[PDB]
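Engineer: Below: the sequence, then the experimentally determined structure.
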Amino acid sequence: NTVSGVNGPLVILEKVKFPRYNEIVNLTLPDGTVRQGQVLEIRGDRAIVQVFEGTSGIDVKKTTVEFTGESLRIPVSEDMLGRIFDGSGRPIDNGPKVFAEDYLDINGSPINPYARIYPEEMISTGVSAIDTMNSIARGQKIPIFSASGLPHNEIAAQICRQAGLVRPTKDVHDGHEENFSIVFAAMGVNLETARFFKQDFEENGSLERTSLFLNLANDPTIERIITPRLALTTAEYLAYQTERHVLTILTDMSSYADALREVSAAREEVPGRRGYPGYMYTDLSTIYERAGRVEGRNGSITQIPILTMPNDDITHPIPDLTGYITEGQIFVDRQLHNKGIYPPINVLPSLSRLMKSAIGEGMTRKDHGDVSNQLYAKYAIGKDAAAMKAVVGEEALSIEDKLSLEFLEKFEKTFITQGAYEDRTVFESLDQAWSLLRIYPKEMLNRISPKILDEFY
Amino acid sequence: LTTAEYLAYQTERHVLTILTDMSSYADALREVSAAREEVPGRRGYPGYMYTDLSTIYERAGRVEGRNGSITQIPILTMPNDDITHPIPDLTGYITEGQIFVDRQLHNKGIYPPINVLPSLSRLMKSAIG
Amino acid sequence: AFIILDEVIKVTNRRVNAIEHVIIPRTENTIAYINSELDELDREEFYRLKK
Amino acid sequence: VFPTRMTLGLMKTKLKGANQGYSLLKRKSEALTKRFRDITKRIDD
Amino acid sequence: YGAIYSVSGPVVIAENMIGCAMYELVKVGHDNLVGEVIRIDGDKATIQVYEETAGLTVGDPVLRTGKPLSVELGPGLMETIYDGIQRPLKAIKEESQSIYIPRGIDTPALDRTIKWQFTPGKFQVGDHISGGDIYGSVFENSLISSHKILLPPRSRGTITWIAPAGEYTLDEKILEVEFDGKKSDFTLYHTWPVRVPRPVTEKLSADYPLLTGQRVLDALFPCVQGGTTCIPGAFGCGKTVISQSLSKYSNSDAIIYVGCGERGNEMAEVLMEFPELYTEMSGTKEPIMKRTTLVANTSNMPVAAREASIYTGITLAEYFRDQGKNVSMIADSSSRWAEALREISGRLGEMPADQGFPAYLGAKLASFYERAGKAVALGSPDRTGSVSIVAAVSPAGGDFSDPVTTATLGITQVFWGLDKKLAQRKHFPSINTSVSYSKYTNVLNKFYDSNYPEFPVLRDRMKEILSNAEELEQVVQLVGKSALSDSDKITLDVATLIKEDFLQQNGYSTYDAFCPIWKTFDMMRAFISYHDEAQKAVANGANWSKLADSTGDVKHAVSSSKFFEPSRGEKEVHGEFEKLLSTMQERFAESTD
Amino acid sequence: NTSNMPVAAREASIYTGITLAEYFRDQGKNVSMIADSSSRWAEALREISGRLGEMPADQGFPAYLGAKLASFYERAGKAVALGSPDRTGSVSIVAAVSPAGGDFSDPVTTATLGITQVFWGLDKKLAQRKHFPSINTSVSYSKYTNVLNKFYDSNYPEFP
Amino acid sequence: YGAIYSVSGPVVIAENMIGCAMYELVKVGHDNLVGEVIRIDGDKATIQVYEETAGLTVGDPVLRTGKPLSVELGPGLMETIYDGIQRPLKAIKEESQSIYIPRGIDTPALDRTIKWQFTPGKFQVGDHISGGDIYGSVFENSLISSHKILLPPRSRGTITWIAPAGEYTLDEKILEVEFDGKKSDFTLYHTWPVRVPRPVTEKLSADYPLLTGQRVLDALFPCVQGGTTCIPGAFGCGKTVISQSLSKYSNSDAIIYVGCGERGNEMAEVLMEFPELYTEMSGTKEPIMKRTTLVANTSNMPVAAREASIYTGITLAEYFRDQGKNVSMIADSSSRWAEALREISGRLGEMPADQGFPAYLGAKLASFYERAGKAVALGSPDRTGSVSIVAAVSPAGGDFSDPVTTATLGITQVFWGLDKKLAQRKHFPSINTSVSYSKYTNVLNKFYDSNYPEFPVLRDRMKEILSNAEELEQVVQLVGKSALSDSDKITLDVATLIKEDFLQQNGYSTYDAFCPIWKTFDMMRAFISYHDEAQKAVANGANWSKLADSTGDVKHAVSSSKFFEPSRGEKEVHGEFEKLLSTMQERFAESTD
């Protein structure tokens, strides 16, 4: 029909009642430009659409509507790596075209087949603090919690690039037997960021390794929400049909959450805690549910979402929600970054509750998990002692505390300090970790089972 | 309370009525009026929460001609553990003093675990026998 | 007196550290977190009345 | 953890207390260190 | 029948409804999605459709089933996995080639494929029967009949026809009931709306031991059979971990696990782990699972399944209790259930309360807990059962004052904590005594004293030690360890040891092994003994250093004791714990003079 | 008026009192208006605001609150009696005020301190040790001081 | 055309508005006030009118301008003071006897009195010409590159009429283009809606700095064109100074100054000061003002102009980027642009997010940052130009934890921490090495190493030395400076020279606050050679007192380094530094031995 009105990202159509929910419609501007949207609400003889593309210039009887008569599905192909796409279901970059062999829905249940069997295969990042203290699995979800003084993009790229070199070393070990694929999606970040990422992937290896979805900040909030959904379709097909392990790097996850926030402000929808939607739980879930092993059980989708915290607080709604849902927490610290530690990952609150699922034992040691717990415990004591060193001085602290202050310093500067291309095998990391444990005496290492301490020291 | 008024006034009983738990009453007030014209006050608790309260306090007190009395001891649970919250706050203005419990004694193991510093009755000197 | 001064300085060095490192960020975190929750209750009400 | 209503009144006066107290403790340390340097020299003599 | 008027978000409005009950189950559209009638405005009934909608047309058909969202209670609930909207998940895998629910599937409530062996009751022809009576029984497990076939509540009469011993299917008739002619036939399953609690004979006092098998609960604040519990905490809290332990060790004859909106990998883990691991009272083929039924739901899976989870599960529990079983129901988390409501209040356009969650929250939680407790089973044989509810919640950023946690705490009588600092050092779950209480503690100690342990006497000193430890720690921080007295040093050490050896359930070889109330008691005898003798010693003149180095071996032994399997002399008193008692005695004496 | 009476009455109570004070002021009598507590009166306006179906914008208290609290208070003062015979009357309003938002920076207390000229304090913590009224020098001010102290100098006290 | 339905505040709704776009410029009433349609409900268009809608009865006519609200891009920008939606303030002063624009007074965006000399390009009639290709140019500057006229972006065709060389007015046509009949006429300016980003050939990352001419910017963490940067606010006792100095000392081709919503004291100061001050590269004709184009809004100006302010400035910056120029956008402050959003929201009835600031805030900032950056300019022979945004973000809650600051820093890659105590004492600029960072460091340091400086070695070392100095200073307070080695004392001695010369610069002198990028590198060279040599010499047998007497003359020179002239033979190689190096080596043999 024709546009009735427009109030923000919501468009009021006066139409007829034949449309179905999320059925595509195309808005024909008087310029003769077509932009796409999907109906968010349908009522009798009228619709509310949210348009992906644009949010202004929308007329009345000079404008027209046309129905596509297909509710939105993403055209998925398995020849997607190396190929350049834009976050809009097609490239607007003029990159190699998407093609379709299935079109798969982004609602969060197309044909979805996931974990009835939990991850047991270890996948390494080449970084000790990640791998040893928390571990990463063939379905693991780990949030990178970052800040406005940390460089989020440099760490994001760091984890991805080094996990591509380690992952074939692990294929030979028989941790794997199937392909590796990267799906990189950037949604609504700066130009400066976008360019940087592509440059990073090229240096380490190639861009044949990865598939790229690029979405620009100048493009709307409505576009931004569809951008990860496009990533999900890509990854699920690859795992399902061609038994490939898929690694998704989703940047920026915070970018996506602010978008949700905008479609409740310029909607009449009342928001929940701290101005973030009440139905914010469901929006976030959609990304995280579509993870784990994929049917055949040689395919998988593994997630590393990248969150930048704006206030850097742990009372902000985004970091909290994400944490309950995700299988691990990786906290990256501004204070380490300042001191000259790269990567500057603080493990004080990094925790996995699904620690068993995260570790490996058939392509990693059984001792891996036992040592990690002890290390974490001994790091924590070393932090309690650090605060006490400032207050009390060395004028009353105990013999035991002194060992813990030394351990803390040796631990930051050796374990967490690694070259920009220097990759550590998980077995070598144990040897490093054992050096860290070795200064404490056999009565301070009392919590650990006697069997392990007498065996390996 | 209507039943207490019958006994106190017709057959001259001293009635002690215990009304537990005022928190459940208060909650009920909030859930209703989410579909009337009347529309809740401060923090989603009714602004007319005070009117409700006052209907309970109405049938309490000394009785004319001195046939009996109804004395009332309500039990309020502070849900956030602060008395700056609506349930203690409105109720406290009506009431002639308050006796507030103590969190700290409890942990120690004491019973009854109340404290005396937040507890004061103003009409103490004149009231007593 | 000199032995007496040495004993006192140690209590005094301890306090100067103690205030800065513990007290001041404990006050900051408590005040700001309660401020933020308190304003939220008030804002949502306005939105509900309006709706 | 803590009240969500009028923690601001008690907390505000604490915060001020702390920074004010800190400044003051620094002056008392400065005086104690001031005398200390002097007596160390006088005592060796 | 009805015709869709509008779909605005997951909310659908359909005209031509002359009726419909509250929360009536419907199949909406040609797709046949789940729904319930929340409200009616005019002739147009607003029905929320809670299975994901990306393609429902206006003027699609609306079919009323004619009764509310309900559950089947009948044979083959055990070792059979279901959703919160009672669809068998296994049935879906085979048919659909969609391991999880895809958009638009309609699979019946039970398995009508598995024949079951029916034997007749003490009620033969011409005998009166009434709801909740044992009309018969079905063999389900290798050791016991799980599902006692009950006449449903709100049915009555005399049995004209009793089917004989043999195999039958679920939809075939097996019972005929006389009361105003053929009142109806009955089938093996019976139905019940899940917003109605099941009626009991009487509720009975809660004062009987509930052994959850975890040292840390037993030591500090045990639960009771009939219990209600709140547990907070936020990721790295060990809640999945304590569920798995809880299912293995649990003395209850049924455990019902409720996944409210879980990772999916978490559900995949617990499912695999029950048949991989062995039970403590023995279990022949899928050992732990024989006692376990899963209601599992993931984070984006239907909002109805997630909302109904606590009611589907509590109804199951009440039915097992009416059967005469002791049930431990674990729900994890009620907070994820609370998000389902936050979402419901926005969509409908009803006004919510604080934090954008509705005010009706408080009633709905309370209703769930009150149906729990210990009771005398409804039905003529008469038995004793319990439903002891352990309900997990999550703080909003360290804020325990959020409506969900405060509400649950309102209703509970037992509170068990969770401390973030202590989890970082790996001590989860982390329960102290300033974030936790139990009203059952007083009666519970009286019952344990009887059974053998000295527990009440040791419990009081144990509480004190922790309570003083915290306060003494604040002085170490600020003033330094230079303001302490020697007895206070003692309180600090014993405390650090307690923190590790009970609260930590983290491995170092193997995740820790079944520790009973008896085991837990021995640990307490050794820690409490250490503290008394040491303080005497310092009081009476002696070095701190001499005393701590000397305890040494004994400390390593208690740490690792829990990894070793129970019984090492006996369960009751181990030889390993017995011997330390002598060692302390020998040390105390060397020290004194 | 007690709380238990109709909120319509409680709303009116303060008006009845000030018109009686004012009539008497015009008679040429000196009058004490003693009111306890205005916050309960403010709570009464709030009970009516939710029932009528108004829009509050002052923490659940009506927007109208500020104009009604002020208008009422301005009726007290010393004045030259209404009428030809010429007399002097006064109404002194001694008003208790109390929290109502639970804060001390809630609208009720904000409006009242602005309109008043005299404040003498009271602290709850010191009051418990029993020393009421336990005046806070810092929150206390008086505008009246200069003219009143000049008067007292004439009367004999060296007070100021 | 439309008729006014309602005027409720400054919001006016009008009926009978068809083919009304959603950014449509409209003129309301008989008076012709500026307004723009934010929303449309039905037949009725909801307009925010920026000017007073006093005297406007219901029934006045509403006349569409027939196109969105646009800004004009072309000759005669420089040396003009403008509104937030580009309206010459200067032109109102001539006519009205007003500084500001009062209601019912609108005028065109570019002056039509002024005529400029149009010179044709390399294309003639019958040539096909494409979007952005250089059709001609205007020259009216001699100090900087002028206004090169492009064919309007997203416009193609064959040129029917190319006007020959001569003076034409801005208004007057100089082009007709053949593209499906007569495409339209075009003029010397082009209109572009400002809430649409201007295209360029492609955008690139930044890599290319230019003369900042303030030593501290280059030295502490380099200043780059095509950058994203946060600078703290101060409300005109510190903010004003750094802004005035950045405009004056930076010899970037253009500078576009935007005052979003300022005090009015700051607006008043920037306009009077620009012709008055001298270029730092030579030339008159109102020195700095000739390079400057100003958008100057006090908070008193209409709220839509305050919101619009940055958008119009950014389009301006983007236009000059296609000519091939390096631009500094100096915007002050985003908190004040944000304040406008908050106001506009409450007027519409929009529900905001945290602290009363909308949710349009975070996406509008992200969109804004990306328009700014480095790009290869559009037009056939291609050049490189840049747009560098330095945006101040002031207090908006009395802290920097408010939504505007916290959002921006995140997108931003650079923070420069002004120091208040030093600022109150009138050292400008005085950037703190503790709070500050640049994530541009790496790519840039490699760029200067290419060009000729030893820059990576010196910058990194600059930072370490100062960080190290805070930590050594603490050892002096508590232990004493006398028990510490000569090496440590030296680490501090050098840090004090680095602090004095660079960081404490006074923008009230030009021999103390203007030096080229090479000059700034030569000074820093001088201090580093001394640090190493001083530590080397004390090790081989020297003392602090001995060292100080011995270095003498070189130490005095380095102290006196800032007072020296920008040249000595060249402004790129300062001969006095190159020879200083020799005097240092000769001094080190003498001192050490």
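Structural biologist: Now that the structure is in, tell me what you want to look at. Residues are numbered from 1 along each chain as shown, chains lettered A, B, ... in the order given.
Engineer: which residue ranges form the helices in chain D?
Structural biologist: Counting by DSSP state H, residue ranges of the helices within chain D are D:8-44.
Engineer: Same question for chain C.
Structural biologist: Under the criterion DSSP H, helices of chain C are mapped to C:2-18, C:24-50.
Engineer: tell me which parts of chain C are close to chain F?
Structural biologist: Taking C-beta under 8 Å from any C-beta of the partner chain as the criterion, chain C approaches chain F at residues C:42, C:45-46, C:49. (C-beta placed from N, C-alpha, C; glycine too.)
Engineer: Just the buried ones from these?
Structural biologist: Neighbour counting by 16 or more other C-beta atoms under 10 Å in any protein chain shown classes C:45, C:49 among the residues of chain C next to chain F as buried.
Engineer: Please convert the residues of chain C next to chain F to TSV, extending it with distance to chain E.
Structural biologist: Putting those into TSV (distance: C-beta to the nearest C-beta, whole Å) gives the following:
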residue	distance to chain E
C:42	11
C:45	9
C:46	12
C:49	9
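Engineer: Just the closest of the residues of chain C next to chain F to chain D, please.
Structural biologist: Within the residues of chain C next to chain F, proximity to chain D (C-beta to the nearest C-beta) peaks at residue C:42, which comes in at 11.0 Å.
Engineer: Now do that closest one against chain A, distance only.
Structural biologist: According to C-beta to the nearest C-beta, to the nearest Å, residue C:42 and chain A sit 12 Å apart.
Engineer: related to what we said a few turns ago, could you single out the nearest of the residues of chain C next to chain F to residue E:460?
Structural biologist: Compare each of those with residue E:460 using C-beta to C-beta and the shortest gap goes to residue C:42, at 45.8 Å.
Engineer: ok, back up a step: out of the residues of chain C next to chain F, which touch chain G?
Structural biologist: Among the residues of chain C next to chain F, chain G is touched by none when using C-beta under 8 Å from any C-beta.
Engineer: could you check the distance from the residue of the stretch 401-550 of chain E found nearest chain A over to chain G?
Structural biologist: For the stretch 401-550 of chain E and chain A, the shortest gap (C-beta to the nearest C-beta) falls at residue E:480, measuring 3.6 Å. Spatial separation of residue E:480 from chain G under the definition C-beta to the nearest C-beta is 17 Å.
Engineer: Wait, that residue touches residue A:395, no?
Structural biologist: Yes: counting by C-beta atoms under 8 Å, residue E:480 touches residue A:395, with 7.3 Å between them.
Engineer: okay, those two: which has more neighbours?
Structural biologist: Between residue E:480 and residue A:395, counted using other C-beta atoms under 10 Å in any protein chain shown, residue E:480 has the larger neighbour count: 20 against 11.
Engineer: Just give the nearest non-adjacent residue to that one, would you?
Structural biologist: residue A:392 (3.6 Å; C-beta to C-beta, 6 or more residues apart in numbering or on different chains).
Engineer: Can you report how many residues lie near residue 22?
Structural biologist: Let's take chain A. 22.
Engineer: The intended chain is chain E.
Structural biologist: The tally of other residues near residue E:22 (other C-beta under 10 Å) stands at 13.
Engineer: In contact with residue 29, which residues?
Structural biologist: I'll assume chain A. A:35, A:57-59, A:63 (C-beta atoms under 8 Å, 6 or more residues apart in numbering or on different chains).
Engineer: Wait, chain D was what I had in mind.
Structural biologist: Listed by C-beta under 8 Å, 6+ apart, the contact set of residue D:29 reads C:9, C:12-13, C:16.
Engineer: mind redoing it with 10 Å?
Structural biologist: Taking C-beta atoms under 10 Å, 6 or more residues apart in numbering or on different chains as the contact definition, residue D:29 lies against C:9, C:12-13, C:15-16, G:477-478.
Engineer: go on, residue E:451?
Structural biologist: Taking C-beta under 10 Å, 6+ apart, one finds E:209, E:517-518, E:521 in contact with residue E:451.
Engineer: do residue E:411 as well
Structural biologist: Applying C-beta under 10 Å, 6+ apart to residue E:411 gives the contacts E:228, E:230, E:362, E:365-370, E:389, E:391.
Engineer: ok, now with 7 Å
Structural biologist: Remark: with contacts taken as C-beta atoms under 7 Å, 6 or more residues apart in numbering or on different chains, residue E:411 is in contact with E:228, E:365-366, E:369.
Engineer: Separate out the buried members of those residues.
Structural biologist: Using 16+ other C-beta under 10 Å as the burial test, the contacts of residue E:411 include E:228, E:365, E:369 as buried.
Engineer: would you say residue A:248 is within a strand?
Structural biologist: Yes: note on residue A:248: a strand contains this position according to DSSP: H, G, I helix; E, B strand; the rest coil.
Engineer: And it, how far from chain C?
Structural biologist: The spacing between residue A:248 and chain C, counted by C-beta to the nearest C-beta, is 33 Å.
Engineer: Can you verify my assumption that that residue contacts residue A:303?
Structural biologist: Yes: under the contact definition of C-beta atoms under 7 Å, residue A:248 touches residue A:303, with a separation of 5.2 Å.
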